[PDB]
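1. I would like the atomic coordinates for the input below:
(chains A, B, C, D, E, F, G, H, I, J and K)
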Amino acid sequence: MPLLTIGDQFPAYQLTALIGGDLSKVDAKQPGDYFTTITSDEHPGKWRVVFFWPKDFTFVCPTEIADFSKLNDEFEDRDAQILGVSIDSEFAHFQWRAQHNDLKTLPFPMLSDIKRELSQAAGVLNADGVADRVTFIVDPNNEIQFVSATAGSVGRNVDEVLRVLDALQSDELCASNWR
Amino acid sequence: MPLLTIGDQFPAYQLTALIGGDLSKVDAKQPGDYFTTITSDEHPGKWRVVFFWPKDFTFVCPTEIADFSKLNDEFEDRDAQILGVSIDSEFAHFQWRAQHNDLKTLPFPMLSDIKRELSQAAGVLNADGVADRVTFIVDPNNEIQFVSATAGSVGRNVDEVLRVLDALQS
Amino acid sequence: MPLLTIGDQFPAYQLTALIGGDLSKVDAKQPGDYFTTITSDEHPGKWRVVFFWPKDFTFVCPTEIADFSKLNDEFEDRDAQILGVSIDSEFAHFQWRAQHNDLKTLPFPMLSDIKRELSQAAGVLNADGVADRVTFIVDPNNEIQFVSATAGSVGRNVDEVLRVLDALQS
Amino acid sequence: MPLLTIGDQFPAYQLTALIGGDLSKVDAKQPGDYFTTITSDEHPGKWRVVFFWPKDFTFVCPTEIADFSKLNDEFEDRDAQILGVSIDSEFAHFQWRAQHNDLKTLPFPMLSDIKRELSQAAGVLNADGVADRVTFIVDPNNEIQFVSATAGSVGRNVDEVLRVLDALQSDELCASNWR
Amino acid sequence: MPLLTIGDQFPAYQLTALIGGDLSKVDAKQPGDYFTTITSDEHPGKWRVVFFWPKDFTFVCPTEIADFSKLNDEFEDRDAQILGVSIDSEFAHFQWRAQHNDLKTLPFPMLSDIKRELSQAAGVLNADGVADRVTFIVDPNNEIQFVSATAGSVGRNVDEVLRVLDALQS
Amino acid sequence: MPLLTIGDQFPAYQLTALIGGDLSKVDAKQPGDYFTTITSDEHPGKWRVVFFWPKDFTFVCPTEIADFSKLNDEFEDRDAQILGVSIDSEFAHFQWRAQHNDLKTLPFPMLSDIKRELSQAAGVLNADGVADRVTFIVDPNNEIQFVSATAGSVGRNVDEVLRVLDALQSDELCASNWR
Amino acid sequence: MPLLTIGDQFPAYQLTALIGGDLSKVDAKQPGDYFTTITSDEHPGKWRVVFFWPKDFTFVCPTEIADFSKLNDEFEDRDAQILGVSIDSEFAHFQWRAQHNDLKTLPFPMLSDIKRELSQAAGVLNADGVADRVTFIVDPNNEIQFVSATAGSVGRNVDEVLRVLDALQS
Amino acid sequence: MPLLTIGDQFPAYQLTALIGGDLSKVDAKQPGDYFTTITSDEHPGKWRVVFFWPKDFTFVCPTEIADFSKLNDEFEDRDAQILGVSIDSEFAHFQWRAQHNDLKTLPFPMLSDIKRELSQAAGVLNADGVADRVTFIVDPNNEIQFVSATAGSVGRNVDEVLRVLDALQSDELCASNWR
Amino acid sequence: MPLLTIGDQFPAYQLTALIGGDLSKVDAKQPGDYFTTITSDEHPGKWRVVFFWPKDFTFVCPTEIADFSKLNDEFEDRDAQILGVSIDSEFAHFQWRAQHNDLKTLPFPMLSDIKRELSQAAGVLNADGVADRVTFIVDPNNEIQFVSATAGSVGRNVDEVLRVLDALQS
Amino acid sequence: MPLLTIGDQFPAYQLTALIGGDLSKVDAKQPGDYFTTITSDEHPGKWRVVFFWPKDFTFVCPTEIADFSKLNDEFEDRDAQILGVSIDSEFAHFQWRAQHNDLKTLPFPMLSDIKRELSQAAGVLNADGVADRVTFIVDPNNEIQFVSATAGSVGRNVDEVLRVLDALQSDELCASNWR
Amino acid sequence: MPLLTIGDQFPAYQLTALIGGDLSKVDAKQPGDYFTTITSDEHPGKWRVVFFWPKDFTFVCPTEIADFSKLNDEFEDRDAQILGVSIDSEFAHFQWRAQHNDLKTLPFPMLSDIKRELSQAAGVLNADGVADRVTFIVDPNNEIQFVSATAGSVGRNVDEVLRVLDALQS
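-> Residues are numbered from 1 along each chain as shown, chains lettered A, B, ... in the order given. Please see the structure below:
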């Protein structure tokens, strides 16, 4: 039940995830081809950008999803792995990504924290029993360098996150130099 | 040691603060004319926007500074009060605002959390002994609706927080 | 952690549910027009037939689905209320019932046990973190008269449970 | 929370300090050139003269500062290292020493006890949360031979301290022989 | 074992003392005519200046002694009472003041803390079993506003303490 | 806080003492020439005759002091070391022995029990915080063979003590044979 | 196990005693005519002089014995009561006083502390199981003003104790 | 505080005793010639006949003492050692045996249980603090074969004790055969 | 496990007993005509003489037996009641007194302590599981004034106990 | 205080017993010739038939005693040892067996459970403090195969016991076949 | 786990029983017409004779069976009620009595101790999980006057128990 802040080690985890990318391209030889297990050891040397939201089927003002799909290149260029998380099942992730045209090409994985152990460990599980809208940046040493949490149904600003990451990785001093 | 998150009651507080507004536009009747005491009960019905930073006298970006001053009206119009915090003394707030031209016209108060009790209560005091670079939004019920924390020396985006507040109010 | 058996009081509950009945036959006055809150006190004098499954959006057999809809009248005639349960959100129930033709006309409500408190109280939450594939029959005294649990992905026989209910009522 | 007296070992410490001396002379290649870490092991064989005050930006009647700058030679001549301490940050020390013309040449370091661990350990932290106006003399064996504490906004008398130190180091008997 | 600092309440006390003033100028009606009992309640509204030393009959500097006697008026004028203390007996105070010409005219009382209870309560009793060489200034609220402690055999500066008292009173 | 009786071991001790004998004869090269440390191991093979009194500056009816100075020969003749004790400082002992003409030649040492540890250990410290008027005789085995304690301001009878010692050392049976 | 010293309350007591005075000058009406019970309450306003010895029938010196009898008047004149004590039985006191010419005229009572409770309470009972050779002087408040203890078989000086009592009374 | 019965081990003891026999015959070179230490190990192979009484100076109806002096031969003939005990001192025993003409020749020792440790251990110490009138017979194995206790001032019957001892040592069955 | 001694209260008791007196001189109206219950309250004002033995049917000496019967009058005349005790049953007392000519005329009662509670309370029950060969004399206050215990098979002397009782009464 | 049932191990025991058989035939050289010690290890390979009764001198309706004397042959023929028990002394057993003409020839031993330890261990001691009327059959493995307990003054039926034993030893099924 | 003996209170009980008497002579109005509930309070003033056996359907001897039926009158005449017990179900009692000619006319009830609570309370439940072969006689005060237990498969003697009961009643 505690929430983590700057400097804290991000929790270990091992969760089933819906793969990123175009769903129609993976060969459909068995259902398990759509899913994988992802661990806290999965992205060595990379920064991890972790997005929690309460429930699949979210309809907040962003619009941020198309920006995920275009900006994953910017994250990769910055040795950054995007990871999305809710407590919904991988089949809910699957359902969400397959028929919401915008999500058909989401380029990064969707983790199912169905035991809530990770949401719990991160301090993100709320009184309704779901993950709050929270963003974490974790450095290659597994140390949190940024966390953002939002109430209600407020959309996330990803471009701000790119700026924050860049400033963290480059020692740029001014919010104004990012373009 | 605990960090508050959305939905938590923001801590009570009572701290000496350097006043907001045009700093040169003040009578020298007492040193205390530049200072006030600020409490969690002081603005009923207002949203409270709290900015923690580690230390005054560190380089801060001007574009981030202009707004507040251009946007302070936009926060005010919707019953939102800006509040700044570090553990430095109120005289340090005074000095920072008195000698650096950008801060001369800062429109909001600067609170001095010198015993670090509030930084402790919010969960923002870090291993270096200072308040983390943190933003809180508190609704009229003293309830947190937004929290943001940053490592190192990353500049803050005030326009983003205005965006968030407006969206929180719809 | 305890599984209820025959004679045990079925747990109290209060959960958001997707309504039963023709799903397309509903006014779009609010999103909440598709949803309701359901409690253990809601149908005094009725038998309650509770079906738990792990996850929506898994393949389910159509012949098992038709009845309910052909047999729902037979359950209803003898004061029996059908209830479905998974831990998925009510929006997942909505999506499953909205996009798969077989479920478009499902005549009974779908409850979302998202905190998993009821799955816990019934003893059906398993090591994978989900409700077991379980059926309960509860008499008008809130007393369990039948329980069934299944591993894996075995399809349920609704006609058998109707048989059992009828025999329990004689 | 205890205060130390004659004969007690002065606490160990390790604190960031603003360097003494003319600020304009150190090369400004990076900010860290203005600061150092100072430890209780930093001045072997020397007596340590430790001055606590509540807050930078102090405006008490002394005048003592110019006397620091002239008297550091007397302290050094007496194998004595002057050390000033408040809980303000090294940037507050920096601000204080750079634009108060009198402080521009303060010849000894300014320590930042921002965690209050040293003020706490010495018994100097007060009910307002700051270091009281206290002077300590510590011998080369780390043993306190003199402590003075003052309320409010009373200025310190440094010449008295020189006399006390001299009498401690020379076994002079009379307050009257010092000149 | 605890040493009091600024702001602490000075301990209560009740001790036999050798009187201040011209020592030869006293009637020999009883031995007790040379002695009195002194308490913490004895001078309401006065500041109290307390000097502890280890042992009487040790060499003390005359220039430090003259004032008190030239400056005793200056302390008195502003409601300040001088008090001397060692753990030696009151008869030792008597002997020291009776046989050493410098002390013949000492204008203030000498208290005998023979059980060492006050030295203990002030935190001044040291590892040699004696009161440290200590000065306290106590305000009319019994609150310490100044404390000074010295090792060894360093002579005290009375003029400095007068300076401090005057400044404390402004 | 307990008082010792016949057969008990006298406490160990280590105390600063004012030397016995003519004060004007010892060379005054430094103050420390007037004083020594005396321990419970200081007089091997000797009986110890220990006199406690409350305060230096005592003016009781004896007169016993001149008898100390004449009778120390009798004590020595009897392998007996006289030891006087109060809680006053060695400087008080010094003051007492230097200007009371009678005490100028006191031939035995004056111990300062300023920590009261010995008065405490012997059971001699009283409710006023000082040593009661008590006499002990301790045999070469450190065993008490006689103790006498007196209230108020009653003078001690030393000749009685000589008789007691002699009877203890000679197995003389009658109070009447001593002359 | 504790030995009383000056200022301590002398213990309460109630013991059978052989009477003082000319022993042959007594009626043989009962054996008990030679004996009495003595308590700590028996002589209000008197000083009490208590002599403990280990055992009766041991050689005691005559010169020490005459006074008491010549000096008993001097003790009596100033409200002082002499009391003797051993743990031997009262019949042993009787025998000692009845057969040894010196004791025939002993003017004060001899108490028998046969259970050794008083020797215990005064702290005088020793490792041999007997009362030490001890003298106490007790003032009219039951308060000890003098105590003396001796090893072995040292004869007591009664004249010294008279001296001390007189001086205690001035 | 417990009293011992048939079959119990008699307590160990080590006590000063007044010797038995004619007092005028032992050479009077020192007082210690009249006394000895007697232990529970003092009479190996012998039965021990132990008589407790409250106080020396006893004047009960027996008359038993002359019978002690004549019957000690019968006891010895029966490997029996007579032992008398009270809590009075050996000097009280001495006083009793020296001038009561009847006791001048008491042929067995008189033990002083002045610490009451033996009276206590045997269960013989009474509420007045003295040994009750009790007789014990202890066999060569230190085992009690007979105990008799009497209230008040009732005299003891020694001839009965001889009969009891004889019956114990001979397996005689009848009280009537003893003569 | 504790043995009572002089001065101790003799235990309370309530036991079946074979009557004293000429045994053949009794009506056979009931078996119980030969038996009675005896308590510690039964003879107020009498001394009680209690004899314990291990087992009936063991050889006992006749001369010791005659008195009681010749001396029973002497005990009775001074308010003394004889009482016999073993743990054997009352029928064993009956048999012993009925078949052995010496016992036919035994003038006092024989108590059966079959649960051994009294033997326990008096402290006379031994390691063989039986009452020791013990005599008690108890005064009218239920207070023991004499106790005697014997090993083995030593015959008792009744004349001695009569002597002792008479002397106890003077 | 517990009572034993089928399948339980019979308690260990070691008790003095009056011998069985004609009393006049054993040579009367000493009393101890009439008695022996009997232990739970005394009858290896035999079944033990144990009869408890409250008190010697019993006069119940059986008549069973003559049947003991005639039936001991049947018991022996069946490897069975009869044992009688009460808490009365062996002298009470002796008295009972010597003058009740019927008992003069009782062919089996009479045990004295005078410490009640066996009656206690078997659960047979009653609120009056005596053994209840109880019968046990114990197999060669020391295991109880039958127990019978009766209130009051009801006589025992030994022929029933023979039948029970025979059925236990032969696997005969019917109560009717015994003759 | 404790076995009751003579003098112990027989346990309370309440058990379903197969009725005694001619079994074919009963109306088939309900299955329950063959069954009753029996309690320890059901026959005030009667002696109760309780027979436990391990299992029905084991060979039992006919001669032992006839009486009861010839002797049931003799028990009844003196206020004695026969009761049979095993842990088998009442339907097993029914089957045993219904199909085996000897049992067709059994005149007393057969209780089913199916939870084994009474077998437990009487101390008769054995290591095989069944009631020992046990007989109890209980007097009108619910007090046991006789108990018998047997190993293995030893046939019971009913005539002996009648003998014992008669003798207990005299």
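2. every contact and neighbour count from this point should use C-alpha atoms.
-> Noted.
3. ok, the helix or strand encompassing residue A:36: who's next to it in the sheet?
-> Residue A:36 is part of strand A:35-39 when elements are defined by DSSP states H and E. The pairing partners recorded for strand A:35-39 under DSSP bridges are strand A:14-18 (antiparallel).
4. now the strand it pairs with, how far from the centre of its chain.
-> 12 Å (CA atoms, centre = their mean, to the nearest Å).
5. same deal with stretch A:108-121?
-> Offset of stretch A:108-121 from its chain centre (CA atoms, centre = their mean): 10 Å.
6. which residues touch that stretch?
-> The contact list for stretch A:108-121, computed with CA atoms under 8 Å, 6 or more residues apart in numbering or on different chains, reads A:1-3, A:11-13, A:15-21, A:38, A:72, A:81-90, A:93, A:125, A:130-131, C:128-129.
7. can you tell me which of those end up in helices?
-> If you go by DSSP state H, the contacts of stretch A:108-121 have A:72, A:90, A:93 in helices.
8. tell me the contacts of the last one?
-> Taking CA under 8 Å, 6+ apart as the definition of contact, the neighbours of residue A:93 are A:18, A:56, A:110, A:112.
9. what of the first one?
-> When contacts are counted by CA under 8 Å, 6+ apart, residue A:72 is found next to A:81-82, A:107-108.
10. tell me the two of the residues you listed that are most distant?
-> Pairwise distances among these were taken by CA to CA; the largest, 10.3 Å, belongs to A:81 and A:107.
11. and the closest residue to chain G within chain A, how many residues sit next to it?
-> Chain G sits closest to residue A:2 of chain A, with a gap of 62.2 Å, by CA to the nearest CA. Around residue A:2 sit 14 other residues, with neighbours defined as other CA atoms under 10 Å in any protein chain shown.
12. equivalent analysis for the one 3 residues further on, please.
-> Counted by other CA under 10 Å, the residues lying close to residue A:5 total 28.
13. residue A:22 now?
-> 14.
14. again with residue A:88
-> Residues contacting residue A:88 under the criterion other CA under 10 Å number 27.
15. same thing with residue A:84?
-> 17.
16. correct me, but it touches residue A:51?
-> Yes: at 4.8 Å, residue A:84 and residue A:51 qualify as touching, with contact defined as CA atoms under 8 Å.
17. state the distance from the residue in chain A sticking out farthest from the centre to chain B.
-> In chain A, the residue that sits farthest from the middle, by CA atoms, centre = their mean, is residue A:29; the gap is 27.6 Å. Applying CA to the nearest CA, to the nearest Å, the value for residue A:29 to chain B is 44 Å.
18. tell me the contacts of that residue?
-> By CA under 8 Å, 6+ apart, the contact set of residue A:29 is empty.
19. one more: the one 4 residues further on?
-> Taking CA under 8 Å, 6+ apart as the criterion, residue A:33 is in contact with A:26-27.
20. what of residue A:3?
-> Residues counted as contacts of residue A:3 (CA under 8 Å, 6+ apart) are A:121-124, B:2-5.
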